[PDB]
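*Asks:* Quick one: the structure is below, and I'll ask about it shortly.
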Amino acid sequence: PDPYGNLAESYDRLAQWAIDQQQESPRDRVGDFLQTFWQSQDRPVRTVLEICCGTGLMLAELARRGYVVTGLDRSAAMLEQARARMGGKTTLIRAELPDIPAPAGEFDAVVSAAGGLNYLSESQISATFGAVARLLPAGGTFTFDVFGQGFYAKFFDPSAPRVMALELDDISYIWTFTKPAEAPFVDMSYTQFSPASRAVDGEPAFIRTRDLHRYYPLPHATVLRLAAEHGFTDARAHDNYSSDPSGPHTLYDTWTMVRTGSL
Amino acid sequence: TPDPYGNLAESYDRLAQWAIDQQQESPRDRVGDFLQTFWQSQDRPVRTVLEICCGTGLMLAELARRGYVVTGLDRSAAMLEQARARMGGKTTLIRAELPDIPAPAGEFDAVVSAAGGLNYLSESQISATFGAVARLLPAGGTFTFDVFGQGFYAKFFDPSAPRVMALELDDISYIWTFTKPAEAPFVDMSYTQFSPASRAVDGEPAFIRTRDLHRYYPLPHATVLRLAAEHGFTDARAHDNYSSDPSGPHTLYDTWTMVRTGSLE
Ligand SMILES: Nc1ncnc2c1ncn2[C@@H]1O[C@H](CSCC[C@H](N)C(=O)O)[C@@H](O)[C@H]1O
Ligand SMILES: Nc1ncnc2c1ncn2[C@@H]1O[C@H](CSCC[C@H](N)C(=O)O)[C@@H](O)[C@H]1O
Ligand SMILES: [Cl-]
């Protein structure tokens, strides 16, 4: 049940390709957006938890800017990469959201960059909003991105190819996007062909793996309700870590919100 | 002379059927219907038919089913062996690369080329092929073929960037990359194919990868009309994919028919 287990060793190269070819934000741009957002807030930010930290690309960006960072992810394979990047001092928590085994009065901000929250059902993200609210003091903030309208329009029909593929550094990926009838999720299947350890007779060989990435579309009305229900205010959406508004073409919606003084 | 169908021949028939079932390619009996109706409209009867670029013989088998006496020509030994299995020993199969057609004058009543073999010919090679076909046909015989239409290039080729598509079919996986090299008279469709290996690697099934370039030469309508006029044909007409519909900007496969004149070629 870890779709990133087979992806972890090539994830960083694929993330760079997605920046180069699928308009994903480089983590330094995410860092610029976060610092501009936090600088506009009254309460200073020193400690940051990134949930769904993956291989730690965003952790490293924030640490380079002087933040004291902690990461959380469910994937041991991804966290092994994050440990190699960050070294031994960085706290890395292996847990599956909505579980956040960490105490209140500790984090000034929580972030989730590059779409980990797309993997959570509505009830799982609701409980995650609650867990984040318990960790943040009044005036702390929560920032994350999820797929926008333009993503579902572009990769989940119409007129679009249902199968996509990429050949990158001797690995090959074949992606299939399916929308089950009457389901609250959409499915992206990763077929991956990777060079094998040895050869078959006199030919190079490849191992095939198949992994399902199940995504839950998150309407704006749902985000706003979840924010209100869990002690957040001033929820705003922007297009992909820019100052532009969310709109019909947005591929990645960036949400920011502020913890109230509620309990 | 590379043979891009060498690695494809084993799985070609399954892929061709997928393209009919899913990509609007004409079922071979629709091609047969179209040919029989077109030939029936001509004064000169048709019994003997040469299919150039016959591949694995899917169109040979359809024309034989309808009662024609068919001969096939293809450059790919791998494809032709499949045609030999399909047709048996009675059918003449010629291994030759167009424009070479080593067959006698006064032999064929019609020449056909179904499912896109002529897309692989440069304008010079297709001009020479028109000449060779003209020499094989008596006055009143006909030549029918299909090439990619305007809608095919618009759908699969982007002038600005490569396009990538894929298919997983019966444990074979294809990755297709479509490019338009600058200033070239061709466009490129690369086939990466993953097929099951002969043995396993440790405890995991293994796959072999092949890569083969399919190089296609767009053939504008004005060029077909010119080639027909230059090589002894008349009444050149285009239809959409072996139907009675006209060729149009959305057509994926342009079906051309033309009639041999009395000129000496
Ligand atoms: N319910 C869940 N709990 C914890 N981690 C989850 C999760 N669902 C998805 N993930 C993690 O979400 C990550 C998405 S990849 C994003 C990695 C990183 N934030 C970056 O900027 O590159 C994966 O590592 C995946 O394991
Ligand atoms: N210059 C050339 N000379 C001969 N055959 C050629 C050729 N260029 C391409 N071909 C052949 O064109 C074929 C295209 S596939 C079409 C197969 C068949 N007509 C059918 O209806 O399914 C391949 O078998 C390929 O080897
Ligand atoms: Cl961008």
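Each chain in the structure tokens gets a letter, A, B, ..., in the order shown, and its residues are numbered from 1; ligands are numbered from 1 in order too.
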Would you list, as a PyMOL selection string, the residues of stretch 152-252 of chain A that end up in strand (DSSP E) under DSSP run on this structure's backbone?

*Replies:* chain A and resi 163-168+171-178+186-200+203-215+232-239+252

*Asks:* Define the interface residues of chain B facing chain A as those within 9 Å, counting only C-alpha atoms, and report them as a list in words.

*Replies:*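 So the contacting residues turn out to be residues 164, 165, 166, 167, 168, 173, 175, 176, 194, 197, 198, 199, 200, 201, 202, 204, 205, 206, 207, 208 and 209 of chain B.
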
*Asks:* With N, CA, C and O atoms retained, export the selected residues as a PDB file, in the first residue's frame.

*Replies:*
```pdb
ATOM      1  N   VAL B 164       4.133  12.124 -26.854  1.00  0.00           N
ATOM      2  CA  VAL B 164       4.379  10.765 -26.380  1.00  0.00           C
ATOM      3  C   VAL B 164       3.058  10.092 -26.049  1.00  0.00           C
ATOM      4  O   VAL B 164       2.246  10.643 -25.297  1.00  0.00           O
ATOM      5  N   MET B 165       2.860   8.896 -26.592  1.00  0.00           N
ATOM      6  CA  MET B 165       1.677   8.091 -26.344  1.00  0.00           C
ATOM      7  C   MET B 165       2.118   6.669 -26.031  1.00  0.00           C
ATOM      8  O   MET B 165       3.261   6.285 -26.288  1.00  0.00           O
ATOM      9  N   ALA B 166       1.206   5.880 -25.467  1.00  0.00           N
ATOM     10  CA  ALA B 166       1.576   4.535 -25.039  1.00  0.00           C
ATOM     11  C   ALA B 166       0.379   3.600 -25.069  1.00  0.00           C
ATOM     12  O   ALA B 166      -0.778   4.026 -25.140  1.00  0.00           O
ATOM     13  N   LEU B 167       0.683   2.303 -25.002  1.00  0.00           N
ATOM     14  CA  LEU B 167      -0.334   1.261 -25.002  1.00  0.00           C
ATOM     15  C   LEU B 167       0.232   0.016 -24.338  1.00  0.00           C
ATOM     16  O   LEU B 167       1.363  -0.391 -24.630  1.00  0.00           O
ATOM     17  N   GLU B 168      -0.552  -0.577 -23.448  1.00  0.00           N
ATOM     18  CA  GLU B 168      -0.243  -1.870 -22.856  1.00  0.00           C
ATOM     19  C   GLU B 168      -1.271  -2.857 -23.388  1.00  0.00           C
ATOM     20  O   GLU B 168      -2.471  -2.701 -23.133  1.00  0.00           O
ATOM     21  N   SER B 173       4.146  -3.816 -24.143  1.00  0.00           N
ATOM     22  CA  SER B 173       3.960  -2.396 -23.874  1.00  0.00           C
ATOM     23  C   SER B 173       4.666  -1.597 -24.951  1.00  0.00           C
ATOM     24  O   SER B 173       5.838  -1.851 -25.248  1.00  0.00           O
ATOM     25  N   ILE B 175       5.646   2.372 -26.293  1.00  0.00           N
ATOM     26  CA  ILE B 175       5.764   3.802 -26.043  1.00  0.00           C
ATOM     27  C   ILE B 175       6.130   4.441 -27.367  1.00  0.00           C
ATOM     28  O   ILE B 175       7.151   4.083 -27.967  1.00  0.00           O
ATOM     29  N   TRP B 176       5.293   5.367 -27.830  1.00  0.00           N
ATOM     30  CA  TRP B 176       5.449   5.989 -29.139  1.00  0.00           C
ATOM     31  C   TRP B 176       5.795   7.460 -28.967  1.00  0.00           C
ATOM     32  O   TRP B 176       5.086   8.190 -28.262  1.00  0.00           O
ATOM     33  N   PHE B 194       8.323  -3.128 -25.134  1.00  0.00           N
ATOM     34  CA  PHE B 194       8.736  -4.026 -24.058  1.00  0.00           C
ATOM     35  C   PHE B 194       7.973  -5.333 -24.231  1.00  0.00           C
ATOM     36  O   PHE B 194       6.737  -5.337 -24.219  1.00  0.00           O
ATOM     37  N   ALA B 197      10.514 -11.520 -21.683  1.00  0.00           N
ATOM     38  CA  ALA B 197      11.775 -12.174 -21.973  1.00  0.00           C
ATOM     39  C   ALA B 197      11.595 -13.689 -21.977  1.00  0.00           C
ATOM     40  O   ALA B 197      10.545 -14.223 -21.609  1.00  0.00           O
ATOM     41  N   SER B 198      12.649 -14.389 -22.405  1.00  0.00           N
ATOM     42  CA  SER B 198      12.625 -15.844 -22.468  1.00  0.00           C
ATOM     43  C   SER B 198      12.762 -16.500 -21.100  1.00  0.00           C
ATOM     44  O   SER B 198      12.361 -17.657 -20.941  1.00  0.00           O
ATOM     45  N   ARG B 199      13.322 -15.796 -20.117  1.00  0.00           N
ATOM     46  CA  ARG B 199      13.500 -16.327 -18.774  1.00  0.00           C
ATOM     47  C   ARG B 199      13.300 -15.196 -17.773  1.00  0.00           C
ATOM     48  O   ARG B 199      13.095 -14.037 -18.145  1.00  0.00           O
ATOM     49  N   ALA B 200      13.360 -15.536 -16.490  1.00  0.00           N
ATOM     50  CA  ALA B 200      13.184 -14.564 -15.423  1.00  0.00           C
ATOM     51  C   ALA B 200      14.536 -14.120 -14.874  1.00  0.00           C
ATOM     52  O   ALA B 200      15.551 -14.805 -15.020  1.00  0.00           O
ATOM     53  N   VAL B 201      14.537 -12.948 -14.244  1.00  0.00           N
ATOM     54  CA  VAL B 201      15.709 -12.411 -13.560  1.00  0.00           C
ATOM     55  C   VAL B 201      15.458 -12.548 -12.066  1.00  0.00           C
ATOM     56  O   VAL B 201      14.606 -11.845 -11.504  1.00  0.00           O
ATOM     57  N   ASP B 202      16.204 -13.447 -11.421  1.00  0.00           N
ATOM     58  CA  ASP B 202      15.987 -13.818 -10.019  1.00  0.00           C
ATOM     59  C   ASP B 202      14.553 -14.317  -9.890  1.00  0.00           C
ATOM     60  O   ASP B 202      14.184 -15.266 -10.606  1.00  0.00           O
ATOM     61  N   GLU B 204      11.790 -12.362 -10.512  1.00  0.00           N
ATOM     62  CA  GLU B 204      10.909 -11.406 -11.150  1.00  0.00           C
ATOM     63  C   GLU B 204      10.847 -11.652 -12.654  1.00  0.00           C
ATOM     64  O   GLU B 204      11.873 -11.951 -13.279  1.00  0.00           O
ATOM     65  N   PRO B 205       9.663 -11.555 -13.255  1.00  0.00           N
ATOM     66  CA  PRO B 205       9.574 -11.611 -14.718  1.00  0.00           C
ATOM     67  C   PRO B 205      10.366 -10.470 -15.335  1.00  0.00           C
ATOM     68  O   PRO B 205      10.425  -9.365 -14.793  1.00  0.00           O
ATOM     69  N   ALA B 206      10.986 -10.744 -16.476  1.00  0.00           N
ATOM     70  CA  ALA B 206      11.832  -9.767 -17.138  1.00  0.00           C
ATOM     71  C   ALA B 206      11.263  -9.428 -18.508  1.00  0.00           C
ATOM     72  O   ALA B 206      10.499 -10.197 -19.098  1.00  0.00           O
ATOM     73  N   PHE B 207      11.647  -8.255 -19.007  1.00  0.00           N
ATOM     74  CA  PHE B 207      11.192  -7.766 -20.295  1.00  0.00           C
ATOM     75  C   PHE B 207      12.384  -7.297 -21.108  1.00  0.00           C
ATOM     76  O   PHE B 207      13.374  -6.797 -20.564  1.00  0.00           O
ATOM     77  N   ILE B 208      12.289  -7.494 -22.415  1.00  0.00           N
ATOM     78  CA  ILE B 208      13.295  -7.026 -23.357  1.00  0.00           C
ATOM     79  C   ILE B 208      12.767  -5.759 -24.006  1.00  0.00           C
ATOM     80  O   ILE B 208      11.575  -5.663 -24.322  1.00  0.00           O
ATOM     81  N   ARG B 209      13.640  -4.777 -24.194  1.00  0.00           N
ATOM     82  CA  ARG B 209      13.253  -3.527 -24.834  1.00  0.00           C
ATOM     83  C   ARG B 209      13.852  -3.477 -26.230  1.00  0.00           C
ATOM     84  O   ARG B 209      15.026  -3.805 -26.414  1.00  0.00           O
TER      85      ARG B 209
END
```

*Asks:* Find the distance between atom CA of residue A:27 and atom CA of residue A:124 and write it in Å to one decimal.

*Replies:*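 Separating atom CA of residue A:27 from atom CA of residue A:124 is a distance of 25.5 Å.
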
*Asks:* Could you find all residues in stretch 20-211 of chain B that DSSP calls helix (DSSP H, G or I) from the backbone, and write them as a ChimeraX atom specification?

*Replies:* /B:20-22,28-40,58-65,77-87,117-120,123-136,150-156

*Asks:* Write out as a ChimeraX atom specification each polymer residue (protein, DNA or RNA) that has an atom no more than 7 Å from ligand 3, with only C-alpha atoms and all ligand atoms counted.

*Replies:* /A:23-25

*Asks:* By how many Å are atom CA of residue A:98 and atom 8 (N, counted along the ligand's line) of ligand 1 apart?

*Replies:*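 Atom CA of residue A:98 sits 9.4 Å away from atom 8 (N, counted along the ligand's line) of ligand 1.
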
*Asks:* Within 6 Å of ligand 2 (counting only C-alpha atoms and all ligand atoms), which residues show up? I'd like them as a PyMOL selection string.

*Replies:* chain B and resi 5+53-59+74-76+79+96-98+113-117+120-121

*Asks:* Could you turn the residues from that selection into a file that holds N, CA, C and O atoms, as a tab-separated table (two decimals), in the first residue's frame?

*Replies:*
```tsv
chain	number	residue	atom	x	y	z
B	5	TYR	N	9.87	-3.20	-38.95
B	5	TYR	CA	8.87	-4.22	-38.66
B	5	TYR	C	9.48	-5.52	-38.17
B	5	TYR	O	8.74	-6.43	-37.78
B	53	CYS	N	3.50	-3.71	-50.09
B	53	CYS	CA	3.51	-3.55	-48.63
B	53	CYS	C	2.45	-4.42	-47.97
B	53	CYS	O	1.66	-3.96	-47.15
B	54	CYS	N	2.45	-5.72	-48.32
B	54	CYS	CA	1.40	-6.62	-47.86
B	54	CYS	C	1.54	-7.01	-46.39
B	54	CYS	O	0.61	-7.60	-45.83
B	55	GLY	N	2.68	-6.72	-45.76
B	55	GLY	CA	2.83	-7.04	-44.35
B	55	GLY	C	2.59	-8.51	-44.05
B	55	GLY	O	3.10	-9.40	-44.76
B	56	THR	N	1.80	-8.77	-43.00
B	56	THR	CA	1.47	-10.13	-42.58
B	56	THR	C	0.34	-10.74	-43.39
B	56	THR	O	-0.13	-11.83	-43.03
B	57	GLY	N	-0.13	-10.06	-44.43
B	57	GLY	CA	-1.15	-10.62	-45.29
B	57	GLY	C	-2.59	-10.43	-44.85
B	57	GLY	O	-3.46	-11.16	-45.34
B	58	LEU	N	-2.87	-9.49	-43.94
B	58	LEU	CA	-4.27	-9.30	-43.55
B	58	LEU	C	-5.13	-8.91	-44.74
B	58	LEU	O	-6.27	-9.38	-44.88
B	59	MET	N	-4.61	-8.04	-45.61
B	59	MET	CA	-5.40	-7.65	-46.78
B	59	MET	C	-5.35	-8.70	-47.87
B	59	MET	O	-6.34	-8.88	-48.59
B	74	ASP	N	6.59	-7.29	-50.02
B	74	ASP	CA	6.99	-6.54	-48.84
B	74	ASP	C	8.50	-6.65	-48.71
B	74	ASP	O	9.10	-7.62	-49.17
B	75	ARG	N	9.11	-5.66	-48.06
B	75	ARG	CA	10.55	-5.72	-47.84
B	75	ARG	C	10.94	-6.53	-46.61
B	75	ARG	O	12.11	-6.91	-46.48
B	76	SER	N	10.00	-6.80	-45.71
B	76	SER	CA	10.30	-7.37	-44.40
B	76	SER	C	10.11	-8.89	-44.44
B	76	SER	O	8.99	-9.37	-44.57
B	79	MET	N	7.70	-9.91	-41.61
B	79	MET	CA	6.28	-9.78	-41.97
B	79	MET	C	5.87	-10.85	-42.97
B	79	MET	O	4.81	-11.47	-42.81
B	96	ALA	N	10.85	-7.63	-51.71
B	96	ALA	CA	11.48	-6.57	-52.47
B	96	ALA	C	11.19	-5.26	-51.77
B	96	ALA	O	10.20	-5.15	-51.03
B	97	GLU	N	12.06	-4.27	-51.97
B	97	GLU	CA	11.87	-2.94	-51.41
B	97	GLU	C	11.43	-1.98	-52.51
B	97	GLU	O	12.16	-1.76	-53.49
B	98	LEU	N	10.23	-1.43	-52.36
B	98	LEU	CA	9.76	-0.43	-53.30
B	98	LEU	C	10.82	0.67	-53.42
B	98	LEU	O	11.40	1.08	-52.41
B	113	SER	N	-2.43	-0.97	-51.89
B	113	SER	CA	-1.48	-0.87	-50.78
B	113	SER	C	-2.27	-0.37	-49.58
B	113	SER	O	-2.45	0.85	-49.42
B	114	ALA	N	-2.73	-1.30	-48.74
B	114	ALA	CA	-3.60	-0.98	-47.61
B	114	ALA	C	-2.81	-0.82	-46.32
B	114	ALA	O	-1.79	-1.47	-46.09
B	115	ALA	N	-3.31	0.08	-45.46
B	115	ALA	CA	-2.81	0.24	-44.10
B	115	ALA	C	-1.40	0.82	-44.03
B	115	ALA	O	-0.62	0.48	-43.14
B	116	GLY	N	-1.06	1.70	-44.97
B	116	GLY	CA	-0.06	2.73	-44.72
B	116	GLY	C	1.37	2.45	-45.12
B	116	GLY	O	2.25	3.24	-44.75
B	117	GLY	N	1.65	1.39	-45.88
B	117	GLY	CA	3.02	1.14	-46.30
B	117	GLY	C	3.62	2.30	-47.09
B	117	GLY	O	4.81	2.60	-46.96
B	120	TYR	N	5.90	5.22	-45.78
B	120	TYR	CA	7.32	5.04	-45.52
B	120	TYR	C	8.21	5.48	-46.68
B	120	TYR	O	9.44	5.48	-46.53
B	121	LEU	N	7.63	5.86	-47.81
B	121	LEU	CA	8.39	6.20	-49.01
B	121	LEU	C	8.61	7.70	-49.10
B	121	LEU	O	7.69	8.49	-48.87
```

*Asks:* Taking 2 positions as the minimum chain separation for residues in the same chain, which residues sit within 6 Å of residue B:150 when counting only C-alpha atoms? Answer as a PyMOL selection string.

*Replies:* chain B and resi 152-153+249

*Asks:* Keeping only C-alpha atoms, take the residues you just selected and write them out as a short mmCIF file (atom, residue, chain, number, x, y, z; two decimals), in the first residue's frame.

*Replies:*
```
data_model
loop_
_atom_site.label_atom_id
_atom_site.label_comp_id
_atom_site.auth_asym_id
_atom_site.auth_seq_id
_atom_site.Cartn_x
_atom_site.Cartn_y
_atom_site.Cartn_z
CA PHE B 152 -3.50 12.22 -38.53
CA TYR B 153 -0.67 14.77 -38.52
CA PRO B 249 -9.15 18.09 -42.75
#
```

*Asks:* Taking only C-alpha atoms and all ligand atoms into account, which residues are within 8 Å of ligand 1, as a PDB file with C-alpha atoms, in the first residue's frame?

*Replies:*
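Contents of the output file selection_10.pdb:
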```
ATOM      1  CA  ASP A   2       2.948   2.364  -0.581  1.00  0.00           C
ATOM      2  CA  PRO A   3       2.772   3.623  -4.184  1.00  0.00           C
ATOM      3  CA  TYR A   4       6.065   5.488  -3.647  1.00  0.00           C
ATOM      4  CA  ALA A   8      11.504   6.640  -4.377  1.00  0.00           C
ATOM      5  CA  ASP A  12      13.858  13.384  -7.618  1.00  0.00           C
ATOM      6  CA  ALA A  15      10.129  15.798  -9.913  1.00  0.00           C
ATOM      7  CA  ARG A  27      10.930  24.124  -4.475  1.00  0.00           C
ATOM      8  CA  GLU A  50       6.301  19.489   6.333  1.00  0.00           C
ATOM      9  CA  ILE A  51       3.762  16.689   6.133  1.00  0.00           C
ATOM     10  CA  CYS A  52       4.163  14.385   3.122  1.00  0.00           C
ATOM     11  CA  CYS A  53       7.821  15.407   3.038  1.00  0.00           C
ATOM     12  CA  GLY A  54       8.790  12.696   0.538  1.00  0.00           C
ATOM     13  CA  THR A  55      12.518  12.683  -0.268  1.00  0.00           C
ATOM     14  CA  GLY A  56      12.900  16.046   1.493  1.00  0.00           C
ATOM     15  CA  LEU A  57      13.232  18.434  -1.467  1.00  0.00           C
ATOM     16  CA  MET A  58      11.117  21.011   0.357  1.00  0.00           C
ATOM     17  CA  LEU A  59      12.780  20.292   3.712  1.00  0.00           C
ATOM     18  CA  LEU A  72       6.610  13.441   8.170  1.00  0.00           C
ATOM     19  CA  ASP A  73       5.814  10.792   5.557  1.00  0.00           C
ATOM     20  CA  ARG A  74       4.246   7.339   5.491  1.00  0.00           C
ATOM     21  CA  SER A  75       6.785   5.881   3.032  1.00  0.00           C
ATOM     22  CA  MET A  78      10.874   8.077   0.566  1.00  0.00           C
ATOM     23  CA  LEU A  79      12.145   8.792   4.088  1.00  0.00           C
ATOM     24  CA  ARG A  94       7.190   7.862   9.703  1.00  0.00           C
ATOM     25  CA  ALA A  95       3.414   8.128  10.089  1.00  0.00           C
ATOM     26  CA  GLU A  96       0.317   8.027   7.899  1.00  0.00           C
ATOM     27  CA  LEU A  97      -1.853  11.133   7.966  1.00  0.00           C
ATOM     28  CA  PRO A  98      -4.099  11.966   9.752  1.00  0.00           C
ATOM     29  CA  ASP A  99      -1.766  10.627  12.481  1.00  0.00           C
ATOM     30  CA  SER A 112       2.654  20.183   2.425  1.00  0.00           C
ATOM     31  CA  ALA A 113       4.329  20.817  -0.930  1.00  0.00           C
ATOM     32  CA  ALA A 114       3.900  18.952  -4.209  1.00  0.00           C
ATOM     33  CA  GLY A 115       0.554  17.284  -3.737  1.00  0.00           C
ATOM     34  CA  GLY A 116       0.699  14.728  -0.919  1.00  0.00           C
ATOM     35  CA  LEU A 117      -2.750  15.804   0.260  1.00  0.00           C
ATOM     36  CA  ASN A 118      -4.218  14.682  -3.084  1.00  0.00           C
ATOM     37  CA  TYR A 119      -3.878  11.144  -1.652  1.00  0.00           C
ATOM     38  CA  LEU A 120      -6.258  11.722   1.286  1.00  0.00           C
ATOM     39  CA  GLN A 124      -8.753  11.757   6.112  1.00  0.00           C
TER      40      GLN A 124
END
```

*Asks:* To one decimal place in Å, what is the distance between atom CA of residue B:133 and atom CA of residue B:234?

*Replies:*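 These two atoms are separated by 13.6 Å.
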
*Asks:* Env of stretch 181-190 of chain A: 6 Å cut, atoms = only C-alpha atoms, seq-sep filter 3 positions within chain, self excluded. Answer as a ChimeraX atom specification.

*Replies:* /A:174-178,210-216

*Asks:* Could you take the residues named above and write them with N, CA and C atoms, as a PDB file, in the first residue's frame?

*Replies:*
```pdb
ATOM      1  N   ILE A 174       4.656   4.444 -17.831  1.00  0.00           N
ATOM      2  CA  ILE A 174       3.410   4.513 -18.585  1.00  0.00           C
ATOM      3  C   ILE A 174       2.315   4.774 -17.567  1.00  0.00           C
ATOM      4  N   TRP A 175       1.582   5.870 -17.759  1.00  0.00           N
ATOM      5  CA  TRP A 175       0.570   6.355 -16.829  1.00  0.00           C
ATOM      6  C   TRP A 175      -0.808   6.235 -17.464  1.00  0.00           C
ATOM      7  N   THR A 176      -1.771   5.735 -16.695  1.00  0.00           N
ATOM      8  CA  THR A 176      -3.134   5.607 -17.170  1.00  0.00           C
ATOM      9  C   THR A 176      -4.029   6.316 -16.170  1.00  0.00           C
ATOM     10  N   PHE A 177      -4.892   7.191 -16.670  1.00  0.00           N
ATOM     11  CA  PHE A 177      -5.782   7.998 -15.848  1.00  0.00           C
ATOM     12  C   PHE A 177      -7.201   7.481 -16.047  1.00  0.00           C
ATOM     13  N   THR A 178      -7.828   7.012 -14.966  1.00  0.00           N
ATOM     14  CA  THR A 178      -9.183   6.472 -15.034  1.00  0.00           C
ATOM     15  C   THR A 178     -10.075   7.133 -13.991  1.00  0.00           C
ATOM     16  N   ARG A 210       3.974  -2.127 -11.137  1.00  0.00           N
ATOM     17  CA  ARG A 210       2.703  -1.435 -11.320  1.00  0.00           C
ATOM     18  C   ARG A 210       2.218  -0.918  -9.973  1.00  0.00           C
ATOM     19  N   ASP A 211       1.889   0.375  -9.911  1.00  0.00           N
ATOM     20  CA  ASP A 211       1.487   1.007  -8.657  1.00  0.00           C
ATOM     21  C   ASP A 211       0.348   1.983  -8.899  1.00  0.00           C
ATOM     22  N   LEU A 212      -0.677   1.903  -8.065  1.00  0.00           N
ATOM     23  CA  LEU A 212      -1.835   2.775  -8.181  1.00  0.00           C
ATOM     24  C   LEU A 212      -1.660   3.998  -7.290  1.00  0.00           C
ATOM     25  N   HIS A 213      -1.831   5.179  -7.871  1.00  0.00           N
ATOM     26  CA  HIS A 213      -1.905   6.434  -7.130  1.00  0.00           C
ATOM     27  C   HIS A 213      -3.358   6.887  -7.176  1.00  0.00           C
ATOM     28  N   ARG A 214      -4.048   6.802  -6.039  1.00  0.00           N
ATOM     29  CA  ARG A 214      -5.469   7.132  -5.959  1.00  0.00           C
ATOM     30  C   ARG A 214      -5.607   8.550  -5.413  1.00  0.00           C
ATOM     31  N   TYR A 215      -6.212   9.426  -6.207  1.00  0.00           N
ATOM     32  CA  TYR A 215      -6.343  10.837  -5.881  1.00  0.00           C
ATOM     33  C   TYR A 215      -7.791  11.173  -5.561  1.00  0.00           C
ATOM     34  N   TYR A 216      -7.981  12.094  -4.622  1.00  0.00           N
ATOM     35  CA  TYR A 216      -9.323  12.554  -4.256  1.00  0.00           C
ATOM     36  C   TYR A 216      -9.465  14.020  -4.620  1.00  0.00           C
TER      37      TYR A 216
END
```
